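Okay, so here's the structure we're looking at.
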Amino acid sequence: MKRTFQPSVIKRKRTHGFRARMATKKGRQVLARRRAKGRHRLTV
Amino acid sequence: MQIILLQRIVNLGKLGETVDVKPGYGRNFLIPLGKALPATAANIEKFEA
Amino acid sequence: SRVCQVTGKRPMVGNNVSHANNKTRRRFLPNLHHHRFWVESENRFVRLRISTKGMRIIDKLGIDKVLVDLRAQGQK
RNA sequence: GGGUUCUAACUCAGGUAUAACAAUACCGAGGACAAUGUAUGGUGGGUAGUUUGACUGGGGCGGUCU
RNA sequence: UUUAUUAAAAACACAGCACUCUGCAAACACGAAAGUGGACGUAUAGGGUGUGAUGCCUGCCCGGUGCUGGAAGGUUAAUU
RNA sequence: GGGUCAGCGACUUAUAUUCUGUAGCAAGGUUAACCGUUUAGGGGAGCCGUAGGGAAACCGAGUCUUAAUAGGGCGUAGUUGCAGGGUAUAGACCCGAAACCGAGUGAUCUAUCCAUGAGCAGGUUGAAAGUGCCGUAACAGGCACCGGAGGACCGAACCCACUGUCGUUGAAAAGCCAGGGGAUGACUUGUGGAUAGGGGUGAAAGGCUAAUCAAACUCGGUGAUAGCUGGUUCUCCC
RNA sequence: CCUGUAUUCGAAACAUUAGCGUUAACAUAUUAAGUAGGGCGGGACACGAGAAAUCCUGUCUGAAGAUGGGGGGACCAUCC
RNA sequence: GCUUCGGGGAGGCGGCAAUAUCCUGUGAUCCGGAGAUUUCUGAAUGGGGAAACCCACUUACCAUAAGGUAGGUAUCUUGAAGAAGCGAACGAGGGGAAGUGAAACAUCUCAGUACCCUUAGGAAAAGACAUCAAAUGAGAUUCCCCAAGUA
Numbered sequence: 001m002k003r004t005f006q007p008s009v010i011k012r013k014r015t016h017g018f019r020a021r022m023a024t025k026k027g028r029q030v031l032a033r034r035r036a037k038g039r040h041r042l043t044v
Numbered sequence: 001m002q003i004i005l006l007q008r009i010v011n012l013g014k015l016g017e018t019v020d021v022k023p024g025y026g027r028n029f030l031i032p033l034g035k036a037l038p039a040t041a042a043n044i045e046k047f048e049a
Numbered sequence: 002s003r004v005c006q007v008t009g010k011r012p013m014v015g016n017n018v019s020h021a022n023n024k025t026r027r028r029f030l031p032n033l034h035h036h037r038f039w040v041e042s043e044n045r046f047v048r049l050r051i052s053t054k055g056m057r058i059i060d061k062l063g064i065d066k067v068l069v070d071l072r073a074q075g076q077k
């Protein structure tokens with residue numbers, strides 16, 4: 001059973017990175033929503 | 001377009017006379033190739049002088 | 002963009018209205034054309050993306066007047 | 001009242017120069033056509049929003065609705 | 001090759017055949033446009049459709065709906 | 001429908017309007033916003049009642065229709081607060097959809113593709129081509145050697161999933177065992193990347209798109225709507 | 001009983017508010033044309049093209065300019 | 001946690017959470033004003049990047065070794081000065097649904113609402129009549145109560 005999740009830090013960092021979020025304008029809005037909510041972990 | 005003739009050209013008029021031409025004819029051929037000037041006071045004075 | 006520089010015309014929004022009076026959102030685009038205007042004061046052709054009303058404004062006011070208006074407005 | 005011709009608008013997803021794209025200058029090829037903006041007739045399940053009644057010895061079918 | 005997790009098959013695909021479109025800025029497709037694939041290809045090439053190795057073959061009908069060509073006549077929008 | 005107990009749980013609020021009760025004034029009643037050293041006082045704009053008839057002009061205890069002055073139709077104690085019953089607009093007594101729309105997150109699973117690497121024990125079979133000999137007028141043809149093609153054969157790893165038992169609150173939200181198919185290819189696999197929802201991808205099953213697919217997931221419109229189901233809590237009297 | 005309350009009150013330093021003074025940045029029209037109005041298609045006006053006044057404009061057009069022009073809900077005349 | 005300027009006068013070295021060494025009338029702890037220091041990431045701005053990491057160039061000085069100290073090196077706009085990014089609601093503008101109601105549904109409603117985008121200020125917008133009115137005429141804009149659920 002190759003299960004749904006299979007971790008790879010390189011792909012995880014590229015897909016959910018802080019820099020990737022900053023690159024797109026919309027992702028900055030997601031980061032701002034995390035900050036407004038007060039979540040400690042903004043990004044993986 | 002009202003325009004002053006800078007040279008004889010067929011079927012339009014004499015030298016210096018003010019004619020009415022189609023806007024395309026006046027804008028694309030005559031004025032760009034220096035055969036006429038737009039009809040304004042500042043150009044009629046220039047030509048008459 | 003699809004904007005007339007001389008007069009600032011840009012796409013308008015409106016409705017396509019059917020005979021049954023159904024409404025659908027639509028756009029009204031300006032009659033924009035590329036035209037090389039001859040300018041004697043600089044002895045050169047300047048290419049503008051201009052509307053038909055813009056070309057009429059060139060005809061009525063002069064390329065020099067319109068060009069100085071654009072330079073005051075900004076982009077040149 | 002239609003055609004033919006021309007070029008100067010316009011086009012080149014053609015050549016040369018511009019380091020490369022693009023633009024520009026010239027040449028060349030088209031040319032008042034093409035293309036685009038508004039209006040307008042046609043076509044258009046390609047895509048949408050919907051409708052497709054009731055009675056009924058279950059429903060459908062048949063029959064009926066004043 | 002296929003319905004991951006009740007169907008592996010006669011289903012899909014397949015080489016082969018046929019029709020049709022496309023002269024290149026091709027047709028076709030994504031995209032609002034730019035820009036792309038087609039293709040740094042050029043009718044022995046590319047797209048769509050149907051059939052499905054091979055052997056023997058593939059009869060009749062254009063009335064209906066499509067497609068191709070034609071405009072003699074009727075009708076016909078904005079506009080004027 | 002409820003395993004039992006304890007706690008929470010469903011007719012409310014705002015405004016408008018009608019009727020009733022009560023209180024103050026009474027052919028009159030009352031102010032709103034605002035001012036206000038603000039529950040006082042001021043503020044008469046405005047609202048209801050006191051007159052109706054007709055579509056209206058218009059008239060008025062009358063008026064409309066009509067040629068009619070006949071006939072006929074319609075006519076000839078309220079108001080402001082408080083409280084209560086009902087209704088109207090809002091979620092409107094509470095809970096409950098499958099759905100639709102907007103914006104974002106997803107190709108670490110899976111579908112295809114792109115780039116770059118890796119893997120396929122062992123054993124067989126013997127195409128074209130080639131060499132030599134004979135032979136042909138030259139062709140052709142025949143034999144022997146050689147050769148190593150194949151979406152070629154048998155069979156492990158690897159990939160798959162045809163049959164049966166077991167398991168089915170499983171060791172496992174799809175497995176184990178015994179058999180089975182491919183196994184140099186249209187093959188398998190590692191890493192990175194590309195295609196995003198009426199969209200993608202699909203050798204096509206409406207298959208797959210993060211255990212979710214005839215339209216993914218998250219949030220928002222949203223307390224969607226539900227002529228439907230369920231529930232709706234103290235007492236006594238007529 | 002303590003901290004408090006009524007009452008009276010302190011600022012070296014910095015902020016803020018107002019008044020005045022001064023500086024340096026910008027601005028300083030001179031009566032209004034592609035404008036009013038009009039055709040087509042839409043939109044907003046309580047107003048859904050309606051007899052539809054009034055406003056905005058994508059397209060095509062286009063004045064008078066004070067002896068003139070706009071409005072007064074189609075429209076004409078008078079009046080404001 | 002440091003310096004300074006004021007307040008204060010006997011305790012104190014933040015809390016879980018105490019212990020030890022200690023400080024404090026040479027005014028400590030504590031409060032208020034100002035200043036200094038302020039690693040790295042983040043608009044991040046020397047280039048790059050998988051945020052808290054990699055690699056640099058250059059000016060001056062110092063060292064003689066394989067370095068240290070202080071700076072400069074993003075982009076855009078305007079002609080050296082600005083801007084970028086973040087953050088409640090309100091304002092203005094550019095786009096703009098559908099559930100729903102009509103007991104169906106397409107006009108209509110929902111509604112110019114939700115949502116997306118852009119951009120300010122303490123407010124914004126509007127604002128002085130090419131506005132109403134037709135009464136003896138009034139005299140910008142904005143908001144509240146009526147007019148009136150009337151036309």
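Chains as they are written, first to last, in PDB author numbering: chain Ba, 1 to 44; chain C1, 1 to 49; chain WD, 2 to 77.
Here a beta-carbon is modelled for each residue, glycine too, at the ideal position from N, C-alpha and C.
- Taking 7 Å as the Cβ-Cβ cut-off, the stretch 51 to 67 of chain WD approaches chain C1 at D60, given in chain order.
- Inclusion of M22 (chain Ba) and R14 (chain Ba) in the CB contact set at 9 Å is not warranted, their separation being larger than that value.
- Close CB contacts of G17 (chain Ba) within its chain, under the 7 Å cut and outside five residues either way in sequence, are with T43 (chain order).
- The beta carbon of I31 (chain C1) falls within 9 Å of a beta carbon belonging to chain WD, placing the residue at that interface.
- Within a 10 Å sphere around the beta-carbon of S52 (chain WD) sit 16 or more other beta-carbons, which makes this residue buried.
- With a contact defined as Cβ atoms closer than 8 Å, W39 (chain WD) and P23 (chain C1) miss out at about 14 Å.
- Contact annotation: the stretch 32 to 42 of chain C1 does not touch the stretch 8 to 15 of chain WD, with fewer than three C-beta pairs closer than 8 Å.
- One alpha carbon belongs to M1 (chain Ba), the other to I10 (chain Ba), and they sit about 23 Å apart.
- Counting only Cβ-Cβ distances below 9 Å, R27 (chain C1) has contacts in chain WD at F38, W39, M56, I59 and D60, in chain order.
- Nearest C-alpha to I64 (chain WD) among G34 (chain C1), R27 (chain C1), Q2 (chain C1) and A49 (chain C1): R27 (chain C1).
- Closest option to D60 (chain WD), judged by alpha-carbon separation, among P31 (chain WD), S19 (chain WD), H36 (chain WD) and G9 (chain WD): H36 (chain WD).
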